[PDB]
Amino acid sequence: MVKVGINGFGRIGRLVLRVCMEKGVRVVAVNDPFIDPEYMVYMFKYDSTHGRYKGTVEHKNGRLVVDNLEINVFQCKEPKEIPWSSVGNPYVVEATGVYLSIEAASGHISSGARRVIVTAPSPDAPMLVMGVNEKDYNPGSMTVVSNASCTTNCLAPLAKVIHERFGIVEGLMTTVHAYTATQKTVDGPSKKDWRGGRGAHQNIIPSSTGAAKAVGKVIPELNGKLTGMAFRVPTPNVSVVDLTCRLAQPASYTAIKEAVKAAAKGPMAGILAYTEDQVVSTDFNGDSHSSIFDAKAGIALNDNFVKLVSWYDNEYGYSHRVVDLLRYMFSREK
């Protein structure tokens, strides 16, 4: 009986709706002042990356209708002006990338949202990564939470397993990352990130991440012990983390593999996966896991110095986690 409202009908917003449909989570409304109901029908029905929506999508009376389920469409610029009250005061998935802080996201609370999940890192909202620290959620004090970044959702579950079994002394991460909507088709203006303005399809582009540092927030023992960066590359979806770490306890690569397998089969099922296959990025397009450990791509120099590789669908895997988190949060209502 959770009800969800989506703010921002973009890559994340549309695929969050898709995952909601797949799981029987009722989405009651979508707000996006840049996409009208008819255009919403088009954007949701056809997807270059994830294929046609498998079901029906129609517009009727200014509503988005998906598999005969009617979704109210709002067209409001400001969170505090969105009529969340008119659609039963749902949880709000904040997926615009514009309202990131507790203060900005709290605009939804004013207009009737019961809780807000920011689908990105926030300067101040508590980060919750399913499988890592979701129990940190305190419904008594937290109306606005962050589901962290896609990369953090990949790195953290792996980091947890490795750190708990062997101890991570220090780590440096690279993520080789698919391009996204913030990038440009041809060299264009990106005042705040010059490299990120260069043509997305022509280039390997060094890029900044705070994901590795953010892992030290959700796993406090790792605070100060990880940092990293990214390379943006000409793929449309799916990314991979490349974690180089020093371990406190000696660990053969077989021991590492067995620890990941156990976590994957047990307490992190559905979050962390484990493979030994000769996979590539497209093998995880549409994969619901936060992190798929690639056993054969990794390499150890010695029992204390290893490079680990884990895949993630930054679009659809992350959207699964948004939905998992709001369902978990709803389960915690007193």
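Position 1 is the first residue in the sequence shown; the rest follow in order.
Stretches 174 to 182 and 124 to 132 differ in mean CA B factor, with 124 to 132 having the higher one.
Once the C-alpha B-factors are averaged per stretch, 309 to 317 and 19 to 27 rank with 19 to 27 first. By the numbers in the PDB entry, the CA B factor is greatest at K77 among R115, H201, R195, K77.
Out of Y46, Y39, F284, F34, it is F34 whose C-alpha atom has the highest B-factor in the PDB entry. In the PDB entry, a CA B factor belonging to the highest third of its chain's modelled residues is recorded for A259.
Sorting the modelled residues of the chain by their CA temperature factor places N68 in the middle third.
Annotation for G270: CA B-factor lies in the middle third of the chain's modelled residues. When the modelled residues of the chain are ordered by their C-alpha B factor, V280 lands in the lowest third. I6: CA B factor in the lowest third of modelled residues in this chain (values from the PDB entry).
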